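Notes follow the structure.
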Amino acid sequence: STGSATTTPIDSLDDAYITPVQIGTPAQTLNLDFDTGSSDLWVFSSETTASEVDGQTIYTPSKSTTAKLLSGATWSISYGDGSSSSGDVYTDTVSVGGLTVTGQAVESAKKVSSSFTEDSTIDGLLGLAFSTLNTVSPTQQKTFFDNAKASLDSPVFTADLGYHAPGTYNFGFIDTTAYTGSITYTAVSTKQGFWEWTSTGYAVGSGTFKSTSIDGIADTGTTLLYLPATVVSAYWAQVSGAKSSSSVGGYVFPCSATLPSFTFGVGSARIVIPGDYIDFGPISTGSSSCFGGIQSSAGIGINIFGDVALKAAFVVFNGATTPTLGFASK
């Protein structure tokens, strides 16, 4: 089997991407944030504290003839950005782009943090990291991909995120029309539960490539590109007037600037992030100070190849017995 679904930016900045997901019988379609940095499929629901729901579409398990309470199971997750959610668990039928999993754990939120409430466009998350990170207790549950894998034509999914435009998540096949040149594959460590790999270096604009190993994670659920302070300083030094602002929470730059591109290495291959992908717009409405899309990972504890990087590539998440990651230009 295969599946193919369009993923759409939630706003004009590509702050996140939503993908429609069918849950239950009859189907209830929710728009979920596919997140290769976590491993829980959780939804706003009829069980979510009413004051914490503000415009989201909810899953109502009592209206699904295939929903079953997973007795005694609870979940609770905290994300890198400080947000969180928790609740109980159902199993139900879940379909993405025509690919169906029966008995998928659907984690129903009883509580969500303010950041989730305040984002009316995201109805929940669909985790695509390794199932070892799943938070369900006392019996850990598998991700949608893990459940689908054996049925797929090939044990892979691909992320093809758009810049200010829709893109695609495919399951079970590689669309050879969706990228240019070849896909370069690179090793993955699953030791921390992530799609963790090592970039071979970087360049800023038309500058020379610096060969240096940068360990980080391919994370569709993180907006920005978080890299070591040395790398980030070298980037922003090429933008007149750019500075790190402790009050704002990162590098800012004059909105009148033209940003240089940023290149990262995948083996001997190179992925170029155009400068415009690095512009996250005014820090507050009407400001002429703009927020940068490349930020320091210092104090995160890990480098994160988030959407800013991934949307410059066609990315293969290869879930073979020994997982790997593939990157192509597009």
Side-chain angles (χ1 to χ4, degrees), residues 3-36 38-62 64-67 69-70 74-77 79 81 83-109 112-128 135-136 141 143-145 147-148 159 161-162 165-169 171 220-221 223 307:
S4 181
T6 299
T7 192
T8 301
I10 65 166
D11 62 25
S12 67
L13 298 175
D14 298 346
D15 282 317
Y17 297 78
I18 50 172
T19 309
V21 178
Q22 283 71 51
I23 309 176
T25 310
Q28 301 179 39
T29 299
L30 274 66
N31 296 328
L32 306 188
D33 184 350
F34 283 23
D35 180 13
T36 63
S38 70
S39 306
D40 288 51
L41 193 175
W42 75 260
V43 297
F44 278 80
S45 77
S46 56
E47 302 180 326
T48 310
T49 301
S51 62
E52 296 181 350
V53 184
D54 188 6
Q56 296 81 10
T57 296
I58 63 166
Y59 170 57
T60 303
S62 66
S64 175
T65 56
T66 42
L69 179 70
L70 184 63
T74 59
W75 63 279
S76 181
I77 192 163
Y79 297 102
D81 67 351
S83 69
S84 62
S85 52
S86 61
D88 54 19
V89 187
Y90 294 80
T91 56
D92 209 340
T93 302
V94 171
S95 298
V96 176
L99 171 65
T100 301
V101 169
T102 58
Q104 173 65 44
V106 177
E107 303 173 33
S108 168
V112 302
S113 64
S114 58
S115 183
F116 287 114
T117 300
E118 291 160 3
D119 187 358
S120 69
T121 70
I122 291 174
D123 300 325
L125 267 64
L126 189 149
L128 292 167
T135 77
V136 178
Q141 301 294 303
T143 71
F144 175 81
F145 177 55
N147 282 323
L161 302 179
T168 306
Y169 282 102
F171 292 82
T220 58
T223 313
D307 298 334

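Values below: every heavy atom of this structure, side chains too, minus hydrogens, waters and symmetry copies. Position 1 is the first residue of the sequence, and the numbers go up from there.
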> How long is the gap from CG on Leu41 to CG on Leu30, to the nearest 0.5 Å?
Replying inline: 9.5 Å

>> Rounded at 0.5 Å granularity, tell me how far CD in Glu47 sits from OG1 in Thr60.
In response: 9.5 Å

> Quick one: CD on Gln22 to OG1 on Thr93, what's the gap to the nearest 0.5 Å?
Replying inline: 11.5 Å

> In Å, rounded to the nearest 0.5 Å, how long is the span from OG1 of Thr7 to CG of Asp307?
Replying inline: 9.0 Å

> Do the side chains of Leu126 and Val96 get nearer than 4.5 Å, heavy atoms only?
Replying inline: yes

>> For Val89, is there any backbone N or O sitting under 3.5 Å from a side-chain donor or acceptor partner on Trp42?
In response: no

> Yes or no on side chain to side chain contact (heavy atoms under 4.5 Å, CB included) for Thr57 and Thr29, after CA distance, side-chain angles and deciding distance?
Replying inline: CA-CA 8 Å; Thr57 296; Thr29 299; over 6 Å; no

> Counting only N and O atoms by type, is there a donor-acceptor contact under 3.5 Å from the side chain of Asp40 to the main-chain atoms of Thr135?
Replying inline: yes

> Pick from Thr66, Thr25, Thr102: which one makes a side-chain hydrogen bond (donor to acceptor under 3.5 Å, both in side chains) with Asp92?
Replying inline: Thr66

> Does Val21 reach the side chain of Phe144, with side-chain heavy atoms less than 4.5 Å apart?
Replying inline: no

> Are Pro9 and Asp15 side-chain neighbours, meaning at least one heavy-atom pair lies under 4.5 Å?
Replying inline: no

>> Quick one: does any side-chain atom of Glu52 pair with a main-chain N or O of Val112 as donor and acceptor, under 3.5 Å?
In response: yes

> Is it true that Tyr17 and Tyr169 have ring centroids separated by less than 6.0 Å?
Replying inline: no

> Does the side chain of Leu128 come within less than 4.5 Å of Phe171's, by heavy atoms?
Replying inline: yes

> Would a 4.5 Å heavy-atom cut-off, applied to side chains only, mark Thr48 and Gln56 as touching?
Replying inline: no

>> Can you confirm whether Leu32 sits close enough to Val43 that some side-chain heavy atom of one is under 4.5 Å from a side-chain heavy atom of the other?
In response: yes

> Hey, does the side chain of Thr36 reach the backbone of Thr220 with a donor-acceptor pair shorter than 3.5 angstrom?
Replying inline: yes

>> Is any side-chain heavy atom of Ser120 closer than 4.5 Å to one of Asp54?
In response: no

> Just how far is it from atom CZ of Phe145 to atom OG of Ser39, taken to the nearest 0.5 Å?
Replying inline: 12.0 Å

> Passes side-chain hydrogen bond (donor to acceptor under 3.5 Å, both in side chains), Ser115 versus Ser83? Steps please.
Replying inline: CA-CA 6 Å; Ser115 183; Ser83 69; 5.4 Å; no

> Hey, does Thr121 have a side-chain heavy atom less than 4.5 Å from the side chain of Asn31?
Replying inline: no

> Which atom pair, heavy atoms only, marks the closest approach of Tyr79 to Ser85?
Replying inline: CE1-OG, 4.4 Å

>> What's the separation between atom OG in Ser45 and atom CD in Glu107, rounded to the nearest 0.5 Å?
In response: 11.5 Å

>> Pair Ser76, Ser86 - check side-chain hydrogen bond (donor to acceptor under 3.5 Å, both in side chains), show working.
In response: CA-CA 4 Å; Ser76 181; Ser86 61; 4.7 Å; no

